[PDB]
Amino acid sequence: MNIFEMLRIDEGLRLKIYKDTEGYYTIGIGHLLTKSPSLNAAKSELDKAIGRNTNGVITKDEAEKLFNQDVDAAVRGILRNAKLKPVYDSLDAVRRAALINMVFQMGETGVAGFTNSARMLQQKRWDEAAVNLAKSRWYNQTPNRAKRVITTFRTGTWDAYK
Ligand SMILES: [Cl-]
Ligand SMILES: [Cl-]
């Protein structure tokens with residue numbers, strides 16, 4: 001198991017514009033297009049992302065292309081972030097995947113704010129971090145995905161994904 005598969009499991013694949021758990025316009029593998037309520041605006045962002053007039057629909061390859069960009073962007077974001085980078089460098093390969101997942105989902109900033117859990121992760125207090133991570137809107141809104149992510153940080157294995 002790796003980051004791509006992991007995220008593919010958490011986000012799914014949709015080739016047609018859809019609304020996310022928050023009600024935001026999305027396409028492919030969790031690619032947020034816009035926070036605006038307008039489908040038009042969404043479609044326009046989509047066309048700009050793909051580089052063609054899509055009319056709200058894309059192919060698998062297109063979706064995968066957005067996905068590769070998005071993962072690349074997430075790692076790079078962590079790496080440039082002053083609060084995140086150290087957390088990331090302190091972790092093993094599996095747990096690094098867990099942190100990338102949260103960032104892909106909630107953005108850097110979002111993640112940069114679990115200040116207390118970050119400290120705990122850096123000190124390698126797994127059980128503690130997992131508890132603290134659970135006290136969050138994140139966990140309350142997407143409890144099943146969140147539990148998968150937290151078990152990965154707790155255990156250091158891919159078990160939640162098997
Ligand atoms: Cl884009
Ligand atoms: Cl969920």
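Residues numbered from 1 in each chain as written, not as in the entry; some residues may be left out. Chains lettered and ligands numbered in written order. Heavy atoms only, no water.

- The record names X-ray crystallography as the way this model was obtained, at a resolution of 1.8 Å.

## What about the overall build of the protein chain?
Here's step 1: A count of helical and extended segments in the protein chain gives nine helices and three strands.
Here's step 2: Secondary structure elements of the protein chain, listed N to C terminal, follow the sequence α-β-β-β-α-α-α-α-α-α-α-α.
Here's step 3: Principal-axis analysis of the C-alpha atoms gives the protein chain an extent of 50 × 30 × 25 Å.
Here's step 4: Taking all 162 residues of the protein chain together, the buried fraction comes to 43%. (Helix = DSSP H or I, 4+ residues; strand = E, 2+ residues; numbered from the N terminus. Buried < 20%, exposed > 50% of the residue type's maximum accessible area, 1.4 Å probe, protein only.)

## Some points on helix α7 (residues 126-134)
Here's step 1: Those residues of α7 not exposed but buried are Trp 126, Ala 129, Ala 130 and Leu 133. When α7 is viewed along its axis, its buried side chains cluster within an angular range of 100° and face the same direction. Of the exposed residues in α7, the ones pointing more than 90 degrees away from its buried face are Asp 127 and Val 131.
Here's step 2: Against α5 (93-112), α6 (115-122), α8 (137-141) and α9 (143-155) lie the buried residues of α7. (Arc of directions from axis to C-beta. Contact = heavy atoms within 4.5 Å.)

## Notes on the packing of α6 against α7
Here's step 1: Relative to each other, α6 and α7 sit at 165°, their axes nearing to 8 Å. Put simply, α6 runs roughly antiparallel to α7. Pair α6 / α7 crosses with left-handed handedness. Note on element contacts: α7 touches α6 through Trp 126, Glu 128, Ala 129, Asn 132 and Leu 133, opposite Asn 116, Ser 117, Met 120 and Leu 121.
Here's step 2: The residue inventory of the contact of α6 with α7, partitioned by class, reads five nonpolar, three polar and one charged. (Axes fitted to C-alpha atoms, helices over the stretch in contact; angles between N-to-C directions. Parallel < 35°, antiparallel > 145°, perpendicular 65-115°, else oblique. Left-handed = near helix turned anticlockwise from the far one by under 90°. Nonpolar A, V, L, I, M, F, W, Y, C, P; charged D, E, K, R; others polar.)

## Digging into helix α2 (residues 39-50)
Here's step 1: For α2, with 12 residues, the first-to-last C-alpha span of 16 Å sits near the 16 Å given by 1.5 Å per residue.
Here's step 2: Those residues of α2 hidden inside the fold are in contact with β1 (14-19), β2 (25-28) and β3 (31-34). (Expected span 1.5 Å × (residues − 1).)

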